């Protein structure tokens, strides 16, 4: 795209504020931002807010979201689809033109770990170029295992293909498959989907802790066989709904866009790989690390 040559729009912080007991404002951008997806490999990504996957959104079950998208892309329209919400796609997930803004309002009435992404045709093109992310909806009644959890993080899996190549997007194997982590609390890492950051700067935990991960596989195209090496998942909630409760799973199958809340105990000090057990994808980047110490600090 000629109008994208040399364009590298600096990341813009997500804006969110509560405006009522059950109403939340969210303002995001669509923007074109260079991301290092593998060492020495820059992808001029189509992004929300200059991150790919986009920034983490967290709301409460029953919140109505008043969402504004500011399209900074000079030529390509973009839109937003939240899997959390009940909305009319042809009225509420519509395109925002370059240099314009649009505001859309819809309720998040289901708890869980939901994908969000651009919904502009061809959707495959917008997702593959980087316009994906996660919104977490916190259950009103929590999860039955809340009291057991010591520490929590968010992980997202995505693929990267040849740059803006629709033939490759449809018909080719992914060039990279990657994990990223998005911050829930101050001090948490906030990273982009790349092959290396969560290996070189592992997530941190303490010996004996029960860890919760909020996870989603945004695709665009692959399913995920999510596994933490050296442990077993004590409890799994499919899509993050507290009713979809499994126990003692070694590996959790996630469809494309599929989410889960998974919980596991780390019993010994060491470094614990986190993989998709589809090992062609792991080899192409989809390995993160969890470093477990006696004190919890690196």
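Residue numbers count along the first chain shown, from 1.
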Inset, instruction - Averaging only over Cα atoms, indicate whether 180-188 or 150-158 has the higher B-factor in the PDB entry. - result: 180-188
Legend entry - Mean C-alpha temperature factor, higher of 140-148 and 191-199: 140-148
Inset, instruction - Choose from 98, 174, 219, 130 the residue with the greatest Cα B-factor as stated in the PDB record. - result: 98
Legend entry - Within-chain third of residue 120 by Cα B-factor, per the entry: highest
Inset, instruction - Going by the recorded CA B-factors, say which third of the chain residue 267 sits in, lowest, middle or highest. - result: highest
Legend entry - Where the record places residue 92 (Cα B-factor, split into thirds across the chain): middle
Legend entry - Cα B factor band for residue 289 (lowest, middle or highest third within the chain): middle
Inset, instruction - Please place residue 246 in the lowest, middle or highest third of its chain by C-alpha B factor as given in the entry. - result: middle
